[PDB]
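Next comes just one chain, in structure tokens: the form deposited in one PDB entry.
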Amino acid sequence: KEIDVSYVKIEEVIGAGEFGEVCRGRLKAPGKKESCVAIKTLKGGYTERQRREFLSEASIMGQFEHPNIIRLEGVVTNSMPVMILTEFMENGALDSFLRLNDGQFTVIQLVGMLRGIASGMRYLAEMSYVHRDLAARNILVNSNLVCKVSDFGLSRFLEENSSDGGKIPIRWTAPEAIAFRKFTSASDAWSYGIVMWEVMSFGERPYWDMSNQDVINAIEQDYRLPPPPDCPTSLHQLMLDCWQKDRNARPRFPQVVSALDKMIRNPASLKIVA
């Protein structure tokens, strides 16, 4: 949806993206109430290929409609700067939000966040969309702590193209996807297990200071991240299930959501910790 630039007011720069600023603003279109939006801008100096890559995120987001997937409002392409407008997520990225609030949300709250992410992923997998960069930094959080998946793009990773979309995010990536570049919803399930660990650790870095090659070798040699402090064993076991070497043995997203719903209904089960 092309948005008339007169309908947009930019209020404040709140972040930096790959191609430009991220801003908070207001969108007011005839016949509709004013709403808060996030705005990504692309200013001058870009190639047309870069413009297409920037806008491809809008095209992809616009294919989706789900309460746990970032909603596209529209784009501005007939003037400069070029913009993508979405719903505004007041609390920003989950990893940083959790680090700010370390130890300050309950296990049930954390499970609800994880449930929202899992529902978003359930939807994407149903749509045959493989995310490929599922990480807490790509989850956005609103004022009511609802978590939504962000970061959409279909460009191959650098390792998939010419000998001579960025690099594969090794710490989040399933071993077969690193080895063979076969990205599937089952490799996203591996990534989702890593997100679980990030959330239950209030935004710690997966594998601490281990090098990328150290991580690859460790996983091949059966190492898996340990339960975060105070993490319910049932949640850690779901992580381990997501991290099965055999992709076909990992839970699919409907099963992940089911498991989390059961936990929420049976909160006593979350009391067992190592």
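For every residue, the number given is its place in the sequence shown, counted from 1. Definition used throughout: the rigid core is the maximal C-alpha set that superposes within 1.5 Å between two forms.
This protein has a second form, the form deposited in another entry, left out of what is shown; the following refers to that one.
- Comparing the forms between this form and the one not shown, the C-alpha position of residue 34 differs by 2 angstroms or more, with the core used for superposition.
- The two forms, fitted on the rigid core, differ between this form and the one not shown by less than 2 Å at the CA of residue 241.
- In the core-superposed comparison between this form and the one not shown, residue 254 has its Cα shifted by less than 2 Å.
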